[PDB]
Amino acid sequence: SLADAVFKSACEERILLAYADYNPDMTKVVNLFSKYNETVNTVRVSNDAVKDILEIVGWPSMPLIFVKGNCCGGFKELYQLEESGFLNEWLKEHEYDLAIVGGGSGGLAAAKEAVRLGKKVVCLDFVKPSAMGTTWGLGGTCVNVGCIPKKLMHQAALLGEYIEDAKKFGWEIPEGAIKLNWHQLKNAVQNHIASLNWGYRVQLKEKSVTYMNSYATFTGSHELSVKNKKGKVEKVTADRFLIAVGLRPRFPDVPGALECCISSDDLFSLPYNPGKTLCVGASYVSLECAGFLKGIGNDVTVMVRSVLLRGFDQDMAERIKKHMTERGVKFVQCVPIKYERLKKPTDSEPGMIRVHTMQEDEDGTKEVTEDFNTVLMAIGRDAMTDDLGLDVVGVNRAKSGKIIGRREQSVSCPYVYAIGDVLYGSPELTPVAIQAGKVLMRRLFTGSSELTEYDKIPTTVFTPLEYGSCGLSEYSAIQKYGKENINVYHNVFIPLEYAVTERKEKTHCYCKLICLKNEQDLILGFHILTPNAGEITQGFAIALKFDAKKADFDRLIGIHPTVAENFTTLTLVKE
Amino acid sequence: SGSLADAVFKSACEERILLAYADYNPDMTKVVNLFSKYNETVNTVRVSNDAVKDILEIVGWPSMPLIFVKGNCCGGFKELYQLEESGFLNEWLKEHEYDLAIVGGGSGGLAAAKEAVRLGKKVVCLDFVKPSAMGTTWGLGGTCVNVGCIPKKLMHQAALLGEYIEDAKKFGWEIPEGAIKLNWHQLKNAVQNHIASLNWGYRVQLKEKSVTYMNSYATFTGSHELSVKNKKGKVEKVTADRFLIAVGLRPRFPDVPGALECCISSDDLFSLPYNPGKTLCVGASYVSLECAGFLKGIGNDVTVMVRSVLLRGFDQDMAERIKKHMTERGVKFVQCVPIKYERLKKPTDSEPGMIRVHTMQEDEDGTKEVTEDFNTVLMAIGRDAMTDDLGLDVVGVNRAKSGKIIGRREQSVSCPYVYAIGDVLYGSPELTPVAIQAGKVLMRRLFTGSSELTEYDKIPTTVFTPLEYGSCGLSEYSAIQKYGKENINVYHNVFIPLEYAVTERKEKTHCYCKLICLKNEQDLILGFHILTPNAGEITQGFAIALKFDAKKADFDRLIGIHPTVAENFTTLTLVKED
Ligand SMILES: Cc1cc2nc3c(=O)[nH]c(=O)nc-3n(C[C@H](O)[C@H](O)[C@H](O)COP(=O)(O)OP(=O)(O)OC[C@H]3O[C@@H](n4cnc5c(N)ncnc54)[C@H](O)[C@@H]3O)c2cc1C
Ligand SMILES: Cc1cc2nc3c(=O)[nH]c(=O)nc-3n(C[C@H](O)[C@H](O)[C@H](O)COP(=O)(O)OP(=O)(O)OC[C@H]3O[C@@H](n4cnc5c(N)ncnc54)[C@H](O)[C@@H]3O)c2cc1C
Ligand SMILES: Nc1ncnc2c1ncn2[C@@H]1O[C@H](COP(=O)(O)OP(=O)(O)O)[C@@H](O)[C@H]1OP(=O)(O)O
């Protein structure tokens with residue numbers, strides 16, 4: 001048989017053995033499953049198809065064993081499961097076909113797709129409060145404390161710059177400095193978040209998915225114990241588990257950090273204008289937040305350890321820095337050594353943090369202080385998986401708390417899967433979680449060979465001036481292929497919308513196309529610094545799925561007038 | 001066998017007079033002896049049989065034996081003997097002042113001029129702007145720069161910034177309360193100051209790049225001679241080995257009494273010394289709706305009179321959606337055509353006039369004449385080629401029924417050393433980026449001997465209506481007409497741009513996208529359509545999908561950028577069933 005026949009057979013059949021040619025331990029398998037009154041269906045895989053099948057399930061020798069549509073590997077893996085007693089518990093009936101731990105981007109996407117394929121699904125979501133005590137509804141990081149509130153506050157900051165544009169285009173706006181009222185913005189954002197929480201809660205109920213607002217821990221091979229807000233503990237059993245627990249803001253081992261500094265978990269529901277703010281960190285979260293806080297008129301400082309946007313093209317990173325500097329954000333090469341609280345916040349006004357730094361001159365080191373209203377700790381995001389009981393169900397984790405996959409299947413446990421941010425090496429983006437969820441569900445319950453494509457994923461950093469990208473940085477391309485084999489085509493431009501204004505952005509917009517010279521200027525990556533970078537980058541990202549060349553960009557006809565057409569017309573080679 | 005295409009075209013670019021023949025060759029000693037008459041060497045090439053059909057397709061001729069003159073494809077012997085017998089060949093083979101004369105200083109003309117001169121050729125560019133009926137005139141850059149896309153997009157942005165002022169309030173910006181008016185004079189000066197900078201830019205760019213600019217209207221007075229007249233009425237003579245016609249079009253006026261006296265055009269709208277006030281837009285083209293749209297957005301009372309359908313050529317589903325939205329935004333649409341325009345007041349000193357517009361309306365008894373008073377009437381019923389006074393008869397360049405030049409690609413079908421690009425080229429889509437690409441590419445064929453062709457299919461557009469409409473490829477109707485309803489899948493969704501989520505905008509109920517797919521070829525994408533803020537920025541990249549025969553599966557395995565409107569193309573599942 002071919003692949004799809006094998007995977008379909010595997011999805012449908014309760015226990016399937018996939019073989020190339022007659023091997024001794026197939027009898028041993030028959031005899032072992034005979035022990036449990038189980039019937040072992042078999043398939044002669046054709047030799048034309050072995051390699052493909054082996055690559056898809058991510059195992060390296062041929063004889064393959066499936067249990068309830070989950071790939072276990074070979075005999076050693078099976079005998080391990082049997083010897084551990086797991087197989088005996090696995091073969092029993094359970095309450096749910098699938099239990100999902102996490103009600104975020106991935107969780108909810110998986111839940112919706114599973115139930116559309118007619119499976120009994122439970123979804124567990126619980127939000128342990130931040131250190132400041134902040135908590136929120138269903139939907140996960142993106143909905144409550146991630147992309148959706150951040151984009152709204154970015155739009156607030158842009159509408160600031162639009163008010164001034166409106167004057168240059170002839171709109172007679174009554175004279176007077178205009179201030180943004182934090183309470184109005186925050187209520188407007190929180191009201192939308194509240195509508196999405198209800199939306200998801202409804203969507204789950206409407207689709208016959210069981211929701212439990214309860215924090216889940218493995219207390220058995222196929223048993224989660226789940227604790228709700230009241231402290232009530234229930235037991236949930238299932239034939240399969242999806243871990244989509246995501247991450248939480250990282251705090252450093254520094255005195256006062258956890259006492260004095262807020263995180264993105266807290267910023268989007270603050271009962272006060274955060275005032276003179278310090279953003280600690282160089283991640284996209286620090287710069288996005290610093291950006292909009294400046295745009296709504298706060299005094300903003302960013303303290304970075306060494307470089308901005310580690311992982312991103314450093315040319316583009318330096319360009320974001322020059323621009324946000326021109327827009328009045330202060331950058332400083334420090335890491336605080338202590339945070340001291342001077343004033344607690346009220347329900348209407350912010351507090352005061354004293355921030356301690358070591359500063360050098362040519363004569364020695366000074367301990368130096370500086371008083372900020374609010375300090376945003378934004379250095380990263382970690383997996384909080386210590387209290388999940390992954391030891392109980394023998395799910396290996398990386399040094400960080402992230403789960404180690406064979407694709408999305410736990411590398412060590414065949415009926416536990418992970419997607420989204422907690423999957424070791426998964427890019428931490430909402431649309432990736434969703435696609436991983438939707439696609440996994442289609443492999444598990446449909447027996448398709450469809451794989452989430454984790455390469456050449458487009459991003460946008462929503463800095464005051466937006467940065468869109470897909471593919472290699474100029475550095476990575478040069479490191480992997482030589483300098484001699486890379487062409488960079490690039491250009492500056494002025495968005496027409498800015499032409500009649502005196503905006504600082506007129507001197508900062510830039511795009512570059514990274515091309516492999518010795519393979520017909522094949523496009524390895526592209527990068528653009530512009531209004532609406534995300535709207536522009538999305539479509540152009542499909543070019544990389546087809547091994548597009550520069551010639552393909554040059555024979556594409558522009559829409560005039562747009563920023564996007566600039567990618568149609570590049571001729572200048574960087575050095 | 002013998003030579004392949006690029007060797008032939010390279011040989012043709014380099015050699016003064018080339019004869020390209022197949023394994024098989026006809027009389028073509030007569031031709032040799034003909035060019036021997038002119039002290040010429042006739043270089044020859046055995047084209048390989050592997051290459052004949054390609055080469056024939058590229059130059060757009062049907063028989064094998066091919067003759068080239070000064071890097072121009074003439075056809076076969078009949079065409080050559082015709083040129084000889086007409087005396088043209090004798091004049092062609094002489095030296096001329098310029099390698100190339102370009103008639104038109106617009107999108108195509110200037111693009112061609114820059115590309116020719118980069119390939120080290122002596123080029124003259126001629127541009128003159130005959131005033132509108134109201135007397136309006138403008139500088140270098142053509143329609144786009146002065147009276148087309150550049151001023152239009154700025155006035156659109158003015159209209160959007162209107163809706164942004166209100167958004168700013170819902171996001172918490174404390175804007176002092178009280179109606180906000182847009183001051184027409186400020187907007188118009190801001191636009192005209194930008195146009196002035198582009199005018200200057202282009203004029204300088206030409207001087208810096210060693211291109212001769214003459215602000216003179218050009219007419220063919222010889223096989224290889226333009227006579228050109230400047231503003232002062234001074235007439236000069238310009239000769240060249242080749243000519244590029246990039247004359248563009250001008251607004252159409254109807255044979256209706258008072259139309260030309262009373263109604264402005266886009267030629268006049270962008271420099272009006274007055275707020276146009278209560279406006280009538282006559283026409284259903286993108287020009288009428290774009291202008292009606294921004295005039296509404298800056299707070300004018302706007303009416304659109306359409307003969308029959310909006311945006312003929314465009315997807316009528318999307319057209320009806322634009323109508324419903326612009327209706328919700330206060331634009332009045334009427335199925336009427338004026339039968340007379342009567343001027344009541346002239347525009348004087350920073351104020352508009354009053355036009356009385358006459359219509360036939362039926363009531364419960366029959367048809368009556370009805371009048372209605374508008375401040376300004378924008379005649380926007382299309383654009384025509386004004387090629388009657390160009391002397392194309394003199395150089396025997398065939399024109400279509402409209403004034404447009406008939407091409408064998410961009411070569412005049414009838415004269416081998418005259419070429420046309422942009423709006424005046426019969427069947428060329430009328431867009432700035434097409435003109436530019438046609439110009440740049442032609443120049444690379446003519447002076448480099450490359451086989452590169454401008455790609456005139458699957459061209460993305462955006463209509464900059466109050467809510468922007470972006471598209472590429474077939475409409476739902478065209479796809480159904482060509483393939484059949486049983487073989488078409490239409491995937492579609494509504495969505496709310498996050499930027500609108502906390503507002504009470506009308507647009508929240510109107511944003512829509514659809515993907516038109518050929519069911520029996522793995523949902524191959526024939527077209528896509530989106531109604532959204534920033535439709536142009538979204539459509540551009542997605543348009544490259546159609547250069548690779550993208551399937552729906554390609555859109556589904558593309559990972560979205562969240563949150564953007566664009567990602568909606570990544571997660572379409574709903575099938576339209578009417
Ligand atoms: C400030 C910020 C801005 C961002 N901006 C963007 C952006 O613009 N675009 C973009 O694509 N991505 C963005 N991201 C990333 C995006 O939010 C994540 O990639 C995405 O939310 C990951 O979703 P997930 O399903 O993996 O996890 P989450 O959304 O974190 O879902 C996990 C859920 O599981 C719950 N949970 C944890 N443990 C348990 C347990 N034991 N039992 C039950 N429930 C549990 C958690 O409380 C949480 O609700 C941003 C992230 C942040 C923090
Ligand atoms: C209101 C409006 C909005 C538009 N919006 C868009 C849009 O958003 N996007 C887009 O892609 N396209 C748009 N277009 C179309 C675009 O302007 C044209 O497609 C483009 O300008 C055509 O370029 P061209 O070189 O063919 O002609 P033109 O730009 O018209 O250039 C012709 C020039 O030659 C001059 N000329 C004419 N005859 C002679 C002669 N005998 N001797 C010398 N000079 C002569 C003309 O006066 C003119 O200066 C718009 C058009 C209009 C009218
Ligand atoms: N004399 C006239 N009076 C009123 N409307 C007219 C007109 N001539 C053209 N139009 C309209 O003005 C627009 C532009 O004319 P066009 O000839 O450039 O359009 P098309 O793209 O159909 O070739 C069309 O909406 C057209 O309506 P019809 O499609 O019914 O012709």
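Method information in the entry identifies X-ray crystallography as the source of the structure, with 2.8000 Å recorded as the resolution.

A. Representation of the UniProt feature "domain: FAD/NAD(P)-binding" (unreviewed entry) in chain A in the model. The positions that UniProt labels "domain: FAD/NAD(P)-binding" (unreviewed entry) are, in the present scheme, residues 96-437 of chain A. Here residues 96-437 of chain A runs as 31% helix and 24% strand, with 17 Å between its end C-alpha atoms.

B. Main features of the domain arrangement of chain A. Along its sequence, chain A is carved into domain 1 (3-91), domain 2 (250-380) and domain 3 (458-568). Centre-to-centre separation of domain 1 of chain A and domain 2 of chain A, based on C-alpha positions: 54 Å.

C. Local environment of a negative patch on the surface. On the surface, a cluster of negative charge is contributed by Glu-360, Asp-361, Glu-362 and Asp-363 of chain A. Here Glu-360 of chain A shows up in strand β17 (residues 352-360).

D. Layout of the interface of chain A and chain B. Contacts between chain A and chain B engage 76 residues on the former and 75 residues on the latter. Interface of chain A and chain B: buried area, both sides summed, is about 7,200 Å²; carbon and sulfur atoms make up 68% of it. At the boundary of chain A and chain B, one finds four salt bridges. When the shortest N-O distance is used, the salt bridge between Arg-557 of chain B and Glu-453 of chain A registers 3.1 Å. In this assembly, chain A and chain B are joined by 27 residue pairs in polar contact. When residues of the side of chain A that touches chain B are traced back to their parent elements, those giving at least two are α8 (147-168), α9 (182-206), α14 (430-446), β24 (459-461), α16 (533-541) and α17 (550-555) of chain A. Its residues assigned to classes, the side of chain A that touches chain B shows 40 nonpolar, 21 polar and 15 charged.

E. How the structure looks around the packing of helix α1 (residues 3-12) of chain A against helix α3 (residues 50-57) of chain A. Residue and element names in this part refer to chain A. Two numbers describe how α1 lies on α3: the axes approach to 9 Å, and their chain directions differ by 45°. For the element pair α1 / α3, the angle class is oblique. Every residue of α3 that contacts α1 at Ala-3, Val-6 and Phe-7 is listed here: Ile-53, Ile-56 and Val-57. Among the residues forming the contact of α1 with α3, the class breakdown is six nonpolar, no polar and no charged.

F. Region of interest: the site of ligand 1. Taken together, 36 residues form the shell around ligand 1, and within it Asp-125, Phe-126, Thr-141, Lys-150 and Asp-421 of chain A come nearest. Each of chains A and B places residues next to ligand 1. At a separation of 2.3 Å, an oxygen atom of ligand 1 approaches a polar side-chain atom of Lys-150 of chain A. In the environment of ligand 1, a nitrogen atom lies 3.3 Å from a nitrogen or oxygen atom belonging to the side chain of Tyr-284 of chain A. Elements with a minimum of two residues in the shell around ligand 1: α6 (105-116), α7 (140-145), α8, β8 (214-220), α12 (284-295) and α14 of chain A. Class assignment for the residues of the shell around ligand 1 results in 17 nonpolar, 14 polar and five charged.

G. Representation of the packing of aromatic side chains within the structure. All names here are of chain A. Going through the model one piece at a time under the given rule, you end up with 27 aromatic pairs over all chains. Here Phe-126 and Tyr-215 contribute two aromatic rings whose centre-to-centre distance is 6.4 Å and whose plane-to-plane angle is 85°, an arrangement assigned as edge-to-face. Of this pair, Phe-126 sits in the loop between β6 (121-124) and α7 while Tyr-215 sits in strand β8, placing them 89 residues apart in sequence. Judged by relative accessible area, which is 23%, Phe-126 ranks as partly exposed. Pairwise contacts between aromatic rings join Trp-90, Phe-218, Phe-241 and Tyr-415 into one cluster. The aromatic ring of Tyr-96 is capped on one face by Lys-120, whose charged end is 5.0 Å from the ring centroid. Against the face of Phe-126 rests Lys-229, its NZ or CZ located 5.5 Å from the ring centre.

H. Here's a closer look at the site of ligand 3. Residues and elements named next belong to chain B. Around ligand 3, the surrounding shell consists of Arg-252, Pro-254, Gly-283, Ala-284, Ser-285, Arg-307, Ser-308, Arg-312, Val-337, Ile-381 and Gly-382. Backbone polar atom of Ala-284 to an oxygen atom of ligand 3: 3.2 Å apart, as the coordinates give it. Residues that form the shell around ligand 3 fall into these classes: four nonpolar, four polar and three charged.

Analysis parameters
- Residues numbered from 1 in each chain as written, not as in the entry; some residues may be left out.
- Chains lettered and ligands numbered in written order.
- Heavy atoms only, no water.
- UniProt positions renumbered as here; feature names shortened; annotations may be inferred.
- Helix = DSSP H or I, 4+ residues; strand = E, 2+ residues; numbered from the N terminus.
- Domains from an automatic or database assignment.
- Patch = residues over 30% accessible without salt bridge, like charges linked within 9 Å, V, L, I, M, F, W, Y side chains within 5 Å.
- Areas by Shrake-Rupley, 256 points an atom, 1.4 Å probe, with all protein chains shown as cover.
- Salt bridge = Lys/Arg side-chain N within 4 Å of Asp/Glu carboxyl O.
- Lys, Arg positive; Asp, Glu negative; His and termini not counted.
- Charge placed at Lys NZ, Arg CZ, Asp CG, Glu CD.
- Contact = heavy atoms within 4.5 Å.
- Buried area = accessible area lost by both parts, 1.4 Å probe.
- Polar contact = N/O pair within 3.5 Å; in protein donor to acceptor, adjacent residues only side chain to side chain.
- Nonpolar A, V, L, I, M, F, W, Y, C, P; charged D, E, K, R; others polar.
- Axes fitted to C-alpha atoms, helices over the stretch in contact; angles between N-to-C directions.
- Parallel < 35°, antiparallel > 145°, perpendicular 65-115°, else oblique.
- Near = heavy atom within 4 Å.
- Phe/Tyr/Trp six-rings, centres within 6.5 Å; stacked < 30°, edge-to-face > 60°.
- Buried < 20%, exposed > 50% of the residue type's maximum accessible area, 1.4 Å probe, protein only.
- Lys NZ or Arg CZ within 6 Å of the ring centre and 35° of its normal.

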